[PDB]
Amino acid sequence: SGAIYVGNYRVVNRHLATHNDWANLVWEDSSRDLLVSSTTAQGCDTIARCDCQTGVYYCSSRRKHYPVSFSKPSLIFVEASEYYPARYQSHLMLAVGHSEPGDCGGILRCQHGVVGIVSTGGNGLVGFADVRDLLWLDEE
Ligand SMILES: C[C@H](C(=O)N1CCC[C@H](C(N)=O)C1)c1cn(C)nc1C(F)(F)F
Ligand SMILES: [Zn+2]
């Protein structure tokens, strides 16, 4: 579990969104596994606006932050899970690292701010849903 809190927005994995998230929906995209809802209080996270391919992510199944090199956001085939059938997920970045079901939502960050959140795993690989192209998170 985990979310990004930027301005008056909460960014979570679409597959982990709560009823309150759906009742205060701003935007959702199943192909990216992302959902954004509105919040009453202002958040402290800042979104990175860069093309970094190195950063650090939080892994809840190890209570540890790991430095990683990750690929550029792309269209990647993801195996069937309890939340989606086997399909192509867009805006996904892969890295070598530990992940388990329960780790989705952990933040990946670079020197510029938040890059994205854990969204996929398996095989000693971890995938992150990028948020750096969502420029509207910084305003309104
Ligand atoms: C099976 C699951 C996963 O990749 N997804 C489940 C939830 C839906 C995901 C998607 N974005 O489509 C696919 C996974 C396997 N390992 C070892 N770690 C994970 C994870 F970190 F919890 F994501
Ligand atoms: Zn950066």
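Just so you know, the numbers here start at 1 and follow the chain as drawn.
How was it done? The header gives X-ray crystallography, 1.3 Å.
Each residue, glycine too, has its Cβ placed from N, Cα and C.
Annotated features, as they stand in Swiss-Prot:
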{"type": "ACT_SITE", "residues": "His15", "note": "active site, for protease 2A activity"}
{"type": "ACT_SITE", "residues": "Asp33", "note": "active site, for protease 2A activity"}
{"type": "BINDING", "residues": "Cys50, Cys52, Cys110, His112", "note": "Zn(2+) 1 binding site"}
{"type": "ACT_SITE", "residues": "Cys104", "note": "active site, for protease 2A activity"}
Env. residues of Zn(2+) 1 site, Cβ within 8 Å of mean position of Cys50, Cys52, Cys110, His112 Cβ: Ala48, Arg49, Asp51, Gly55, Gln111, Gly113, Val115, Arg132
List of residues, in chain order, with Cβ under 8 A from that of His15 (active site, for protease 2A activity) and at least 6 apart: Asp33, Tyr83, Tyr84, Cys104
Lowest local Cβ density among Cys104, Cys110, which the record lists as recorded positions, within 10 Å: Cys110
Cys50 (Zn(2+) 1 binding site) CB neighbourhood, other CB atoms within 10 A: 13
Residue among the recorded positions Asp33, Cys52, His112 whose Cβ has the most other Cβ atoms within 10 Å: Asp33
Among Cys50, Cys52, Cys104, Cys110, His112, the recorded positions whose C-beta sits under 6 Å from ligand 1: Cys104
Close-lying recorded positions around ligand 2 among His15, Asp33, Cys52, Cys104, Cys110, where CB distance stays under 6 Å: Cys52, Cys110
DSSP state at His15 (active site, for protease 2A activity), helix/strand/coil: helix
